[PDB]
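**Q** For reference, the structure I am asking about is given below.
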Amino acid sequence: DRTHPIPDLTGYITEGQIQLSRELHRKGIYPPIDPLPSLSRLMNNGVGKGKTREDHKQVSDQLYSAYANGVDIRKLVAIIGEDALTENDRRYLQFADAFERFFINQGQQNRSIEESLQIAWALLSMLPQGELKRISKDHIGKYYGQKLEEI
Amino acid sequence: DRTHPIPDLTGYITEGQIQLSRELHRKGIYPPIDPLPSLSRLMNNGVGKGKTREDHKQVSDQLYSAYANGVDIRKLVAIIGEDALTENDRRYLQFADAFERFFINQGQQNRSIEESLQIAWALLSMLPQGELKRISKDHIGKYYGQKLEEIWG
Amino acid sequence: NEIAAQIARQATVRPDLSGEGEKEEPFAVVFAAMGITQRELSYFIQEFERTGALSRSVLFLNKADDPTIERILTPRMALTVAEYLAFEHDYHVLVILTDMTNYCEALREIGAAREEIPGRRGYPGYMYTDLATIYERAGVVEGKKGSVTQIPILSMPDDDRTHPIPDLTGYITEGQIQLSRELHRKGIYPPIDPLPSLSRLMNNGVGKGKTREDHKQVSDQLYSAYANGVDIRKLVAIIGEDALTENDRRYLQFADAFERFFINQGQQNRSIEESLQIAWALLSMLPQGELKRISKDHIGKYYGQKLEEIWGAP
Amino acid sequence: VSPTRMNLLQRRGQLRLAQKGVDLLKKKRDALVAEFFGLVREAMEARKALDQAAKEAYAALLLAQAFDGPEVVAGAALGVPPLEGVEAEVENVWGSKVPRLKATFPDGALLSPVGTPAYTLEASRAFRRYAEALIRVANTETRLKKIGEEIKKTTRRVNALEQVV
Amino acid sequence: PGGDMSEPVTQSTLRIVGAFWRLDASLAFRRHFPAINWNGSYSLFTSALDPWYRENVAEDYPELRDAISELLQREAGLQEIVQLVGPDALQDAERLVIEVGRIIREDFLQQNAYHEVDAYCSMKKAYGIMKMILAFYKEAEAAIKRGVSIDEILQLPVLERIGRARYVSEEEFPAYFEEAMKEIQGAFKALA
Amino acid sequence: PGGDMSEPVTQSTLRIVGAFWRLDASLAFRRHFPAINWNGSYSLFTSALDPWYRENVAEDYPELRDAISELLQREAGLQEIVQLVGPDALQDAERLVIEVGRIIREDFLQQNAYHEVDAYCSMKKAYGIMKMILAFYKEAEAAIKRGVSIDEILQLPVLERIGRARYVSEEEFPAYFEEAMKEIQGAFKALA
Amino acid sequence: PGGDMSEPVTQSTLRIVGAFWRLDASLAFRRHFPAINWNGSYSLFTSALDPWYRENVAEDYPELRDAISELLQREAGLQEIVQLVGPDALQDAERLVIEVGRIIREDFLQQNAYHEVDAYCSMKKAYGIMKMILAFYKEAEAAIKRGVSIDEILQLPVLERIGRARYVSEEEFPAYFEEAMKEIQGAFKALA
Amino acid sequence: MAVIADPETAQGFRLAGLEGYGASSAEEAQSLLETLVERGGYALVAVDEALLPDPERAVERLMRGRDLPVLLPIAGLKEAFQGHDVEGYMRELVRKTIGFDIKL
């Protein structure tokens, strides 16, 4: 219960929260961090050029948008059937599964930031180049390698 | 909350209440008076033959019954398909909608009792004569059949 | 109250079924009423007087307008008499406490009058201990021929089984007998509902050396068949009887006849053999191979009886 | 809703009623599936019968266009007035209604055309039997589709209740 | 306070009185008076008064009263399915039960305190009305077993007479009851 | 505490304030900002400010705002039906209403407080965006009445111009508005 | 009281205990003992105990335990379809999974406390039974891949040997285990 | 009433009194279906399955308005002379209705 006094009062003081999910735990994903209800308030000041790679903010936004779209597709499928799905809808549906299976389910690996960005771009290339609306054109092509994961 | 101590005790002491509805207010209806929870304890001491019109009480009772029926059918519509309704349920639903849009929503204008009763009878005419079981047949013969669009055009 | 009086004047022991064949142990009933009105008082008095059950009973009656301390003391005196009789004269004593809810309210009032902070839901914090000291007295003792049996009776305040009084009573006792408002409104008496009822010591007191060797299997088969029939009765309302299979119709008819003949016994006094005969006659409505919970030995001996019992006692 | 003991009891009663309704809907869905399987089997039987009728009708027709002139069979086909009028009786399917088709018939050979050769005649009767199988196949397929629609609706209802309310 | 029946005064009174007449706010909002909740009400004097009813009202008055109560119980049971799948998903027998329950509610349980005739009702008038209702229900279910559509029964003209029987004066009632019974007999038996 | 709006401080504050800007956690958890629950919020100063709006923003501004509110209300009243039966069973009119409501929610109500341009918005810019949305809605409704498929309407390229309007700087907005209006009328003009 | 696991005592207890063995009356009703529900139960000691299992039971014991747990999980994942459309409507692989779960439940988890030898079971016997079950599962899956029918598989005689394994004495178990391990591969490969 | 298939099959339908129609591609078959529903072709309108895999695709427009017509696929003349796997079509129907394969 997120409305319990302890987490509720903790949220009013801190600068965000990382929330675990039971669904991902049932799926066997580790660590079972659910990115949709999580947030970092000071993130926008701690990343960027000179702090990290210059495409961090845009790829984070694109990952969030694509995963939310995939979750919406999942919720839609479980009611009216899969047969009505457009090619883009099923593309997002499979991207969500690939995301939960590779980006989140890292196990006990100590991934670097560059490795995480490479993986994120690898499954971003799973979508059409013109569908990555949040990312600017200059980072696309430089990092839009159209390559599957090497792991 | 009607169960708060202040309105509860006030209703226990006074002789009725006029209760406003936020659902009606959000739809632009003014005044947003919800008739079902409202009540006037001394209503029948001032209406009758020598007071106002002799059909007042029965018209009020029939209006309450029909509005309650329409409100209840709204719940069935919220649960099953709208196309599954019978013609009687559709008539009650349309009566409730027209009632809310015309009898309640009146703006800043002033209405005499005769005009309000005329509008009430025009709304009641949307239903067949057989459904008006709370009104005597004399009043039905005298007043039924007038058209809503005839009042204003 | 009607069920309480009926049990009080019908209860008896069956020594022949145990093989002893002698009524050597006497039987007595102790009846305690707490917070009853004048109408209930007169009803109980007339019920005990008209049938001669008074000659073997002791009555402790506390009216509603009597002092509440008397209401507190009544069950303790009743249990004192019961224990004295059972464990000093080898009696079998059945104790009936008419309304434990009145006792709980009197206890709450007494606690409030002494300026004590109440516990959960405004009841005293020691209510569990008090109810335990009342209920735990009953039992059988090593080396003693007597026994004490208790049948508390309580009205659930808002029909809520989570209210503290029934919640603690079921937490101390060994089951419950549930009365159904639906059965009562349908005209059935006594309105006992088998589905939510349970007896936790039944398996010890039935078997081959006592009652009859088919008791438990008949009981659980009846439970399952009644539950299935009640479930089917809800579906037949929407899908119609013609859409049902044959077995579903059999279960529906069994449930209807079970409600009409087994539960609705009226003021009849049925021995265990008669009840088992009625149960087998009702079970005979189901197909031969549908009694999956009963051994073939009992089926070959008892199956096939026709319904001719309830009409034998108008 | 106002927080009070009576409201709590009412909410618990509503929860119990919702659970009972879910169980009832599951039982109804089980009955619908049990009917749907028999519909599937009889639809397969009808499809096989229609396929056999199609084979025999086409085999009969192939001789007509070879031994008799193409103009002869064409004139025979044009001579008979067209078959018009299909009776759509209503049928009850678990509350829903489906049209039960059965075709009218001008009695066939009474309407014989100038196309007298037998191989031309045999193709006509075989095609009439073909249509007779076709209407049966259409009826069973319509009933199966209605049953499937009801099953889908019941499953959606069950999911909506037990995952929202 | 707040209409909460769990209040200590209400609970204390509930354990002492022999009759309990609970009022419902939902019926009051609908203007269905006297607005007494049938489900939440009870009486403990029903059995002791049976000989007086037999001697003074009718020989079989308790049987009719029990039949009416059983019909109300069945309607209350079926309402749980009505609120789930709608009135149209029921069979014809269940629909007839629902309609008879509605007729009982609106024509026998309802009573206008400010009407010059309906404000008072003798025992025999209520007995006649409920006898008419039960006879109509019996004929209706007999017709249902014969294949008559439920909508045909609901348009039968005797429903208006049954509904207006409540307004008949105490002196005109004995002949009105016989006329309505003959009309109910004719509407089904003669029509069949 | 816990977002409970029955808390004493909130209830005491709501009795004296003239405006109520309620925030919703559901909108915030989907990164939809500023995240005001437009169905639970209200304002009491809207009537007294109409002459100022007419004098300083536009003559017909209040009617445009009322039209936007009505469209949002209709979308809210259609969304539960969408959630119940699915979009596939809905006609073209209500599907157009849903799409227009989505456009309003994602291109007018949304505002990024960290973007260089989108952080601030003049009244005239909002008026222009609302006029563009209403013009597109009118043209799309006319096209639907002319039998044009709604799926074809959704693919129109002017929707991107409408969605990108809020990111245009204040200096460049007046010309962008005229160009967008001309494109909006031309697109359905060419479709015929 | 009432069986609710959210009661504060149970919540406080589950935060400090290392294992939770969920007894269930539903399993006991269908004559399945010791009647612990494996779906709700859990344990936090397995990782710290794995080296002891490797040193004192077998090097591959954790792998067999994980395989058995995975088989049970997959079988539980099929409970919806087997109850909706029936067992015979499944494919051969799904039916094989269901039957392997049945064999596990009836021959490994179930244990008669009143039996003379079945009342106690050492780790070695459990390991042998698990390995026999897994070998039979792999051989049956290979046979299904090679066109054999599930009905033919469910009639093999080595199933009786697997079933009677838990009634074998502790000292005579290794010979029975070796013979049954040979028979499991014999029943499939010799038939081809 | 009307069936759309190969001209030889359409000729046989004319021989049986049915309103056979000739077609060799999806476009003219859809046009014939549209003109039949527009003119009120009664009830059954069969279509060659090798011509249209699903006649319902041309009915997606009109199905909401009417329930009288019944459209089903059927093999053509030369198509029926070779084995037709109706069982696969039934398996597809079951997989669409319930969501899973049901036989093996």
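Labels for the structure tokens follow display order: chains A, B, ..., residues from 1 in each chain, ligands from 1.
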Return as a ChimeraX atom specification the residues belonging to chain D that are within 8 Å of chain C, counting only C-alpha atoms.
**A** /D:9,24,27-28,94
**Q** Can you tell me which residues surround residue 100 in chain B at a distance of at most 12 Å, considering only C-alpha atoms, apart from same-chain residues fewer than 3 positions away, and format the answer as a ChimeraX atom specification?
**A** /B:21,23-25,27-35,63,67,70-71,93-97,103-106,120,123
**Q** Print the selection's residues with N, CA and C atoms to a file, as a PDB file, in the first residue's frame.
**A**
```pdb
ATOM      1  N   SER B  21     -26.571  19.470  -5.942  1.00  0.00           N
ATOM      2  CA  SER B  21     -25.849  18.349  -6.527  1.00  0.00           C
ATOM      3  C   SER B  21     -24.655  18.861  -7.316  1.00  0.00           C
ATOM      4  N   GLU B  23     -22.905  16.897  -9.325  1.00  0.00           N
ATOM      5  CA  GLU B  23     -23.011  16.279 -10.642  1.00  0.00           C
ATOM      6  C   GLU B  23     -23.834  17.146 -11.587  1.00  0.00           C
ATOM      7  N   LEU B  24     -24.949  17.692 -11.098  1.00  0.00           N
ATOM      8  CA  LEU B  24     -25.737  18.613 -11.910  1.00  0.00           C
ATOM      9  C   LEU B  24     -24.967  19.895 -12.191  1.00  0.00           C
ATOM     10  N   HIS B  25     -24.224  20.391 -11.199  1.00  0.00           N
ATOM     11  CA  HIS B  25     -23.471  21.628 -11.378  1.00  0.00           C
ATOM     12  C   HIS B  25     -22.401  21.480 -12.450  1.00  0.00           C
ATOM     13  N   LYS B  27     -22.467  19.796 -15.036  1.00  0.00           N
ATOM     14  CA  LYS B  27     -23.075  19.743 -16.358  1.00  0.00           C
ATOM     15  C   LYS B  27     -23.631  21.086 -16.808  1.00  0.00           C
ATOM     16  N   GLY B  28     -23.434  22.149 -16.032  1.00  0.00           N
ATOM     17  CA  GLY B  28     -23.937  23.456 -16.393  1.00  0.00           C
ATOM     18  C   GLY B  28     -25.369  23.727 -15.999  1.00  0.00           C
ATOM     19  N   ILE B  29     -25.982  22.851 -15.205  1.00  0.00           N
ATOM     20  CA  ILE B  29     -27.375  23.033 -14.817  1.00  0.00           C
ATOM     21  C   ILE B  29     -27.451  23.964 -13.617  1.00  0.00           C
ATOM     22  N   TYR B  30     -28.271  25.008 -13.730  1.00  0.00           N
ATOM     23  CA  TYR B  30     -28.493  25.931 -12.631  1.00  0.00           C
ATOM     24  C   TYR B  30     -29.977  26.247 -12.512  1.00  0.00           C
ATOM     25  N   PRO B  31     -30.540  26.212 -11.294  1.00  0.00           N
ATOM     26  CA  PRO B  31     -29.863  25.832 -10.048  1.00  0.00           C
ATOM     27  C   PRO B  31     -29.708  24.322  -9.892  1.00  0.00           C
ATOM     28  N   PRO B  32     -28.538  23.874  -9.433  1.00  0.00           N
ATOM     29  CA  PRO B  32     -28.239  22.439  -9.331  1.00  0.00           C
ATOM     30  C   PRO B  32     -28.938  21.742  -8.166  1.00  0.00           C
ATOM     31  N   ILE B  33     -30.260  21.876  -8.107  1.00  0.00           N
ATOM     32  CA  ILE B  33     -31.027  21.270  -7.025  1.00  0.00           C
ATOM     33  C   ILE B  33     -31.341  19.826  -7.388  1.00  0.00           C
ATOM     34  N   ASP B  34     -30.890  18.892  -6.551  1.00  0.00           N
ATOM     35  CA  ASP B  34     -31.194  17.482  -6.749  1.00  0.00           C
ATOM     36  C   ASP B  34     -32.518  17.182  -6.061  1.00  0.00           C
ATOM     37  N   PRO B  35     -33.570  16.813  -6.794  1.00  0.00           N
ATOM     38  CA  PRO B  35     -34.890  16.709  -6.152  1.00  0.00           C
ATOM     39  C   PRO B  35     -35.046  15.495  -5.256  1.00  0.00           C
ATOM     40  N   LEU B  63     -43.967  12.999 -10.984  1.00  0.00           N
ATOM     41  CA  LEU B  63     -42.645  13.452 -11.400  1.00  0.00           C
ATOM     42  C   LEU B  63     -41.553  12.749 -10.609  1.00  0.00           C
ATOM     43  N   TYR B  67     -38.850  10.263 -12.402  1.00  0.00           N
ATOM     44  CA  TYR B  67     -37.437  10.612 -12.315  1.00  0.00           C
ATOM     45  C   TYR B  67     -36.638   9.516 -11.627  1.00  0.00           C
ATOM     46  N   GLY B  70     -36.143   6.717 -14.162  1.00  0.00           N
ATOM     47  CA  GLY B  70     -35.101   7.047 -15.125  1.00  0.00           C
ATOM     48  C   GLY B  70     -33.707   6.961 -14.532  1.00  0.00           C
ATOM     49  N   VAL B  71     -33.542   7.457 -13.304  1.00  0.00           N
ATOM     50  CA  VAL B  71     -32.242   7.396 -12.644  1.00  0.00           C
ATOM     51  C   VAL B  71     -31.818   5.948 -12.436  1.00  0.00           C
ATOM     52  N   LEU B  93     -35.515   6.970 -19.848  1.00  0.00           N
ATOM     53  CA  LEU B  93     -34.210   7.618 -19.937  1.00  0.00           C
ATOM     54  C   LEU B  93     -34.316   8.989 -20.594  1.00  0.00           C
ATOM     55  N   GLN B  94     -35.046   9.071 -21.709  1.00  0.00           N
ATOM     56  CA  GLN B  94     -35.238  10.353 -22.371  1.00  0.00           C
ATOM     57  C   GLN B  94     -36.021  11.318 -21.495  1.00  0.00           C
ATOM     58  N   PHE B  95     -36.988  10.813 -20.724  1.00  0.00           N
ATOM     59  CA  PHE B  95     -37.708  11.673 -19.794  1.00  0.00           C
ATOM     60  C   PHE B  95     -36.768  12.254 -18.754  1.00  0.00           C
ATOM     61  N   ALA B  96     -35.882  11.424 -18.201  1.00  0.00           N
ATOM     62  CA  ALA B  96     -34.940  11.923 -17.204  1.00  0.00           C
ATOM     63  C   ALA B  96     -34.024  12.986 -17.796  1.00  0.00           C
ATOM     64  N   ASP B  97     -33.518  12.744 -19.008  1.00  0.00           N
ATOM     65  CA  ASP B  97     -32.634  13.718 -19.642  1.00  0.00           C
ATOM     66  C   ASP B  97     -33.356  15.037 -19.901  1.00  0.00           C
ATOM     67  N   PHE B 103     -36.682  21.221 -16.798  1.00  0.00           N
ATOM     68  CA  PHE B 103     -37.397  21.573 -15.578  1.00  0.00           C
ATOM     69  C   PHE B 103     -36.454  22.158 -14.534  1.00  0.00           C
ATOM     70  N   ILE B 104     -35.263  21.575 -14.395  1.00  0.00           N
ATOM     71  CA  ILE B 104     -34.317  22.039 -13.383  1.00  0.00           C
ATOM     72  C   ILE B 104     -33.525  23.233 -13.900  1.00  0.00           C
ATOM     73  N   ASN B 105     -32.881  23.075 -15.053  1.00  0.00           N
ATOM     74  CA  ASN B 105     -32.046  24.135 -15.608  1.00  0.00           C
ATOM     75  C   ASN B 105     -32.929  25.264 -16.123  1.00  0.00           C
ATOM     76  N   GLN B 106     -33.055  26.330 -15.332  1.00  0.00           N
ATOM     77  CA  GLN B 106     -33.888  27.467 -15.695  1.00  0.00           C
ATOM     78  C   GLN B 106     -33.159  28.801 -15.698  1.00  0.00           C
ATOM     79  N   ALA B 120     -44.200  20.813 -16.335  1.00  0.00           N
ATOM     80  CA  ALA B 120     -44.276  19.486 -15.735  1.00  0.00           C
ATOM     81  C   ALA B 120     -45.203  18.575 -16.530  1.00  0.00           C
ATOM     82  N   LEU B 123     -43.581  17.569 -19.818  1.00  0.00           N
ATOM     83  CA  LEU B 123     -42.624  16.483 -19.620  1.00  0.00           C
ATOM     84  C   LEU B 123     -43.331  15.159 -19.358  1.00  0.00           C
TER      85      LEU B 123
END
```
**Q** For chain D versus chain F, which residues have an atom no more than 12 Å away, and what is each residue's nearest atom pair and distance in Å rounded to one decimal, using only C-alpha atoms, chain-then-number order, as JSON lines?
**A**
```
{"residue": "D:1", "atom": "CA", "partner": "F:6", "partner_atom": "CA", "distance": 11.3}
{"residue": "D:2", "atom": "CA", "partner": "F:6", "partner_atom": "CA", "distance": 10.6}
{"residue": "D:3", "atom": "CA", "partner": "F:6", "partner_atom": "CA", "distance": 10.9}
{"residue": "D:152", "atom": "CA", "partner": "F:85", "partner_atom": "CA", "distance": 11.8}
{"residue": "D:153", "atom": "CA", "partner": "F:85", "partner_atom": "CA", "distance": 9.6}
{"residue": "D:156", "atom": "CA", "partner": "F:84", "partner_atom": "CA", "distance": 9.2}
{"residue": "D:157", "atom": "CA", "partner": "F:84", "partner_atom": "CA", "distance": 9.2}
{"residue": "D:159", "atom": "CA", "partner": "F:84", "partner_atom": "CA", "distance": 11.2}
{"residue": "D:160", "atom": "CA", "partner": "F:84", "partner_atom": "CA", "distance": 8.2}
{"residue": "D:161", "atom": "CA", "partner": "F:84", "partner_atom": "CA", "distance": 11.0}
{"residue": "D:164", "atom": "CA", "partner": "F:84", "partner_atom": "CA", "distance": 11.1}
```
**Q** Pull the strand (DSSP E) assignments for chain F out of DSSP run on the backbone, and list those residues as a ChimeraX atom specification.
**A** /F:19-20,42-43
**Q** Could the residues in this selection be saved with C-alpha atoms as a PDB file, in the first residue's frame?
**A**
```
ATOM      1  CA  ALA F  19      -9.949  28.495  -6.764  1.00  0.00           C
ATOM      2  CA  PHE F  20      -9.169  24.799  -6.331  1.00  0.00           C
ATOM      3  CA  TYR F  42     -12.972  24.574 -10.213  1.00  0.00           C
ATOM      4  CA  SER F  43     -12.673  28.355 -10.175  1.00  0.00           C
TER       5      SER F  43
END
```
**Q** Residues at most 7 Å from residue 103 in chain D, counting only C-alpha atoms, excluding those fewer than 4 positions away in the same chain, as a ChimeraX atom specification?
**A** /D:85-87
**Q** Generate the output file for the selected residues, N, CA, C and O atoms, as a tab-separated table (two decimals), in the first residue's frame.
**A**
```tsv
chain	number	residue	atom	x	y	z
D	85	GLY	N	-35.85	-16.24	-53.51
D	85	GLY	CA	-36.60	-16.37	-52.27
D	85	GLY	C	-36.02	-17.39	-51.31
D	85	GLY	O	-36.15	-18.60	-51.53
D	86	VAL	N	-35.38	-16.92	-50.25
D	86	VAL	CA	-34.82	-17.77	-49.21
D	86	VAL	C	-35.48	-17.40	-47.89
D	86	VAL	O	-35.46	-16.23	-47.48
D	87	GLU	N	-36.07	-18.39	-47.22
D	87	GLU	CA	-36.81	-18.15	-45.99
D	87	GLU	C	-35.85	-18.10	-44.81
D	87	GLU	O	-35.13	-19.08	-44.55
```
**Q** Taking only C-alpha atoms into account, report as a ChimeraX atom specification which residues of chain E lie within 8 Å of chain C.
**A** /E:6,11,16,66,69-70,73,89-91,94
**Q** Keeping only C-alpha atoms, write the selected residues as a PDB file, in the first residue's frame.
**A**
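For reference, part-v7.pdb as written:
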```
ATOM      1  CA  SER E   6     -25.318   0.179  14.779  1.00  0.00           C
ATOM      2  CA  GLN E  11     -29.009  -2.017  19.321  1.00  0.00           C
ATOM      3  CA  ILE E  16     -36.053  -5.733  23.916  1.00  0.00           C
ATOM      4  CA  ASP E  66     -46.984 -16.996   4.117  1.00  0.00           C
ATOM      5  CA  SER E  69     -43.807 -13.566   2.204  1.00  0.00           C
ATOM      6  CA  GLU E  70     -42.342 -16.484   0.231  1.00  0.00           C
ATOM      7  CA  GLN E  73     -38.236 -13.770  -0.512  1.00  0.00           C
ATOM      8  CA  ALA E  89     -31.411 -12.441 -19.222  1.00  0.00           C
ATOM      9  CA  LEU E  90     -33.896 -14.261 -16.978  1.00  0.00           C
ATOM     10  CA  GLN E  91     -36.360 -16.940 -18.011  1.00  0.00           C
ATOM     11  CA  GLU E  94     -38.250 -15.563 -13.072  1.00  0.00           C
TER      12      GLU E  94
END
```
**Q** Write out as a list in words the residues lying within 6 Å of range 258-273 of chain C, counting only C-alpha atoms and excluding same-chain residues fewer than 3 positions away.
**A**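 My reading of the contact set: residues 188, 189, 254, 255 and 276 of chain C.
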**Q** Starting from chain B, keep only residues with some atom at most 10 Å from an atom of chain D, counting only C-alpha atoms, and report them as an NGL selection string.
**A** :B and (1-4)
**Q** So that I can see what lies close to residue 49 in chain D, please list as number ranges by chain the residues with an atom at most 12 Å from it, counting only C-alpha atoms and leaving out residues fewer than 4 positions away in the same chain.
**A** D: 42-45, 53-56, 129-137; H: 86
**Q** Would you save the residues from that selection as a tab-separated table (two decimals), in the first residue's frame, using N, CA and C atoms?
**A**
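Wrote it out as out-v1.tsv, contents follow:
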```
chain	number	residue	atom	x	y	z
D	42	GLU	N	-20.66	-30.97	-35.49
D	42	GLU	CA	-21.70	-31.05	-36.52
D	42	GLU	C	-21.39	-30.13	-37.70
D	43	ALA	N	-20.70	-29.01	-37.46
D	43	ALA	CA	-20.27	-28.17	-38.56
D	43	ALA	C	-19.25	-28.88	-39.44
D	44	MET	N	-18.34	-29.64	-38.83
D	44	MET	CA	-17.41	-30.45	-39.62
D	44	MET	C	-18.15	-31.47	-40.47
D	45	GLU	N	-19.15	-32.13	-39.88
D	45	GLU	CA	-19.94	-33.09	-40.65
D	45	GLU	C	-20.63	-32.42	-41.84
D	53	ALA	N	-21.03	-33.18	-52.00
D	53	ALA	CA	-22.02	-32.69	-52.95
D	53	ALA	C	-21.37	-31.84	-54.04
D	54	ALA	N	-20.41	-31.00	-53.66
D	54	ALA	CA	-19.69	-30.20	-54.65
D	54	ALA	C	-18.96	-31.09	-55.64
D	55	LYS	N	-18.27	-32.12	-55.15
D	55	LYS	CA	-17.53	-33.01	-56.04
D	55	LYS	C	-18.47	-33.69	-57.03
D	56	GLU	N	-19.59	-34.24	-56.53
D	56	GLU	CA	-20.50	-34.92	-57.43
D	56	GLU	C	-21.15	-33.96	-58.42
D	129	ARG	N	-28.94	-30.30	-55.13
D	129	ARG	CA	-28.50	-30.99	-53.92
D	129	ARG	C	-27.31	-30.26	-53.28
D	130	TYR	N	-26.44	-29.70	-54.12
D	130	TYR	CA	-25.33	-28.89	-53.65
D	130	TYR	C	-25.82	-27.69	-52.84
D	131	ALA	N	-26.82	-26.98	-53.36
D	131	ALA	CA	-27.39	-25.86	-52.62
D	131	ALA	C	-28.08	-26.33	-51.34
D	132	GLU	N	-28.71	-27.51	-51.38
D	132	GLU	CA	-29.34	-28.07	-50.20
D	132	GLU	C	-28.32	-28.32	-49.09
D	133	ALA	N	-27.14	-28.82	-49.45
D	133	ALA	CA	-26.08	-28.96	-48.45
D	133	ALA	C	-25.53	-27.60	-48.03
D	134	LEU	N	-25.48	-26.64	-48.96
D	134	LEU	CA	-24.93	-25.32	-48.66
D	134	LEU	C	-25.75	-24.60	-47.60
D	135	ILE	N	-27.08	-24.70	-47.67
D	135	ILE	CA	-27.90	-24.00	-46.68
D	135	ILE	C	-27.69	-24.60	-45.28
D	136	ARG	N	-27.55	-25.93	-45.19
D	136	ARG	CA	-27.26	-26.57	-43.91
D	136	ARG	C	-25.92	-26.09	-43.35
D	137	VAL	N	-24.91	-26.01	-44.21
D	137	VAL	CA	-23.60	-25.55	-43.77
D	137	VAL	C	-23.68	-24.11	-43.26
H	86	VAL	N	-10.72	-28.81	-44.89
H	86	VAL	CA	-11.69	-28.06	-44.10
H	86	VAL	C	-11.33	-28.12	-42.62
```
**Q** Could you pull the residues within 10 Å of residue 117 in chain B, counting only C-alpha atoms, minus those fewer than 4 positions along the same chain, as an mmCIF file with N, CA and C atoms, in the first residue's frame?
**A**
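Saved to out39.cif:
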```cif
data_model
loop_
_atom_site.group_PDB
_atom_site.id
_atom_site.type_symbol
_atom_site.label_atom_id
_atom_site.label_comp_id
_atom_site.auth_asym_id
_atom_site.auth_seq_id
_atom_site.Cartn_x
_atom_site.Cartn_y
_atom_site.Cartn_z
ATOM 1 N N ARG B 53 -53.013 25.013 -7.490
ATOM 2 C CA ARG B 53 -53.860 24.192 -8.399
ATOM 3 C C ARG B 53 -54.156 22.840 -7.742
ATOM 4 N N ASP B 55 -54.143 19.887 -8.986
ATOM 5 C CA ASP B 55 -53.363 18.757 -9.475
ATOM 6 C C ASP B 55 -51.923 18.776 -8.981
ATOM 7 N N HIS B 56 -51.582 19.701 -8.083
ATOM 8 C CA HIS B 56 -50.194 19.907 -7.680
ATOM 9 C C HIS B 56 -49.579 18.650 -7.070
ATOM 10 N N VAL B 59 -49.183 15.558 -9.447
ATOM 11 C CA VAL B 59 -48.159 15.839 -10.449
ATOM 12 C C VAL B 59 -46.772 15.713 -9.835
ATOM 13 N N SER B 60 -46.598 16.243 -8.622
ATOM 14 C CA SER B 60 -45.309 16.130 -7.947
ATOM 15 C C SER B 60 -44.945 14.670 -7.695
ATOM 16 N N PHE B 103 -36.682 21.221 -16.798
ATOM 17 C CA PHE B 103 -37.397 21.573 -15.578
ATOM 18 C C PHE B 103 -36.454 22.158 -14.534
ATOM 19 N N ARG B 111 -40.358 32.056 -12.720
ATOM 20 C CA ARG B 111 -41.467 31.265 -13.233
ATOM 21 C C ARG B 111 -42.624 31.286 -12.245
ATOM 22 N N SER B 112 -43.829 31.532 -12.752
ATOM 23 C CA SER B 112 -45.017 31.370 -11.931
ATOM 24 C C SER B 112 -45.335 29.886 -11.764
ATOM 25 N N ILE B 113 -46.248 29.593 -10.836
ATOM 26 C CA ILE B 113 -46.581 28.201 -10.548
ATOM 27 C C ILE B 113 -47.278 27.558 -11.743
ATOM 28 N N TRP B 121 -46.362 19.094 -16.938
ATOM 29 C CA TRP B 121 -47.284 18.297 -17.739
ATOM 30 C C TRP B 121 -46.720 18.005 -19.124
ATOM 31 N N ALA B 122 -46.009 18.964 -19.720
ATOM 32 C CA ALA B 122 -45.377 18.714 -21.010
ATOM 33 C C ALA B 122 -44.348 17.596 -20.908
ATOM 34 N N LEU B 123 -43.581 17.569 -19.818
ATOM 35 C CA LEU B 123 -42.624 16.483 -19.620
ATOM 36 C C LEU B 123 -43.331 15.159 -19.358
ATOM 37 N N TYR B 143 -55.309 17.714 -18.707
ATOM 38 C CA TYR B 143 -54.009 18.337 -18.920
ATOM 39 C C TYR B 143 -53.039 17.555 -19.797
#
```
